[PDB]
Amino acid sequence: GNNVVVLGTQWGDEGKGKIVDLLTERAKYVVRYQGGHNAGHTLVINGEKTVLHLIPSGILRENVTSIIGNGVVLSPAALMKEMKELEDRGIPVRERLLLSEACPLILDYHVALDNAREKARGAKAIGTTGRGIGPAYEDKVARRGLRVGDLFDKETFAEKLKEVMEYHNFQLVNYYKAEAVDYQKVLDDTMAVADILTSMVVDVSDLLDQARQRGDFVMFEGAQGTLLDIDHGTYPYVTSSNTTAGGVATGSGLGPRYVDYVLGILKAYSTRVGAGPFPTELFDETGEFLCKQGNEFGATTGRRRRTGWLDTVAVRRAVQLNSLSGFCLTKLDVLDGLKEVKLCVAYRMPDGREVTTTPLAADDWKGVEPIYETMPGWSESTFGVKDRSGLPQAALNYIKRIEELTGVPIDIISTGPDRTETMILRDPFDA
């Protein structure tokens, strides 16, 4: 299809960035529809490595236009930081980045609150990235946040600015008894760049509508994973955005009947960063491997990630909320050399019931345990293999199993970090 969507089918870090860059060979626009600079994506091309956080994975192709939709919570500081360090690598970011004047702004106070809150909860911290994404979003729904559009008028703006920090300060000090953020500084830094931001501004909803009257290729790029959806995720250990497929229409402005193909990224094993429910979590040696070998460390916080076995019940969930058309299996290579592999196929509830449908909220996952299925692994290696043919029988056997259990095809197999080290059995666009 024409409107393709890429998103994490799990707890994020399945491999989205990679895929979005490999697929943009043939697309015209790439749209980020939610999240902030909490997303941590890693693209590798001939060894050269790039980790974007707020800027879309399409920034390096000069045929694609990267748009930052209204779903995203834009931090003026982060953009600048990112933009500059890329322009220094020969990438003309400004010649190709556009954004929504409706994006809410993340400013220091958000960070202050985000971090102050985490402390308030102590024994129950969510383990957020500390980027102030939560508060940035709250203010949005509380109808008091500042958007990209309000940087235009600067007199009008400082009044507003003065109004929200006042209230935020009041709580920062009196309530958490933390330090206050100075209005004068926040005001300056923002003002320092208002014009740069304001020049990238575009009417996204409408352009995307244009793109379509033409059948232009548009790739939607997800942030975080499915079990982090604020509504459908393991609340309260989630992100503040609808990371699931509906986030696209709300976050970009494109009508829902225009989503043509939704591809879900699947990591082959499981990771979770931050706190929260995780049934198939590996605390033993096998954990250490998957983590060692799969170089599992946060892409934004450098925090080590929890690893565990692939959970087929959670994934059956994401197929469902997401109306996935197809999967893209990543990191199979990270499994070479194990004696055998295992996958969660059903859940044993705290009262004895064997279920195949996930709970849906932190506390309700509390006592559940995984009923795995055991498979012979492979000592042969698969890293860098570019064709179904080079993959050993135990692998293909593992691959078709997943399809069986989910009923969803495996269109792309990923065997390493470099763009080129992939295997496309079916391209989402011409499907």
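Numbering starts at 1 and follows the sequence shown.
As listed in the deposited structure, the average C-alpha B-factor of 151 to 159 and of 78 to 86 is greater for 151 to 159.
In this entry, the higher average B-factor at the C-alpha atoms falls on 178 to 186, of the pair 268 to 276 and 178 to 186. The top Cα temperature factor in the record, among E221, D206, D139, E118, falls on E118.
For the set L97, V238, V164, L324, the PDB entry puts the maximum C-alpha B factor at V164. When the modelled residues of the chain are ordered by C-alpha B-factor, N70 sits in the lowest third. Among all modelled residues in its chain, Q34 ranks in the lowest third by Cα B-factor. Ranked by Cα temperature factor within the chain, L263 sits in the lowest third according to the deposited record. In the PDB entry, a CA B factor belonging to the highest third of its chain's modelled residues is recorded for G298.
For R212, the recorded CA B-factor ranks within the middle third of the chain. Only modelled residues enter the ranking.
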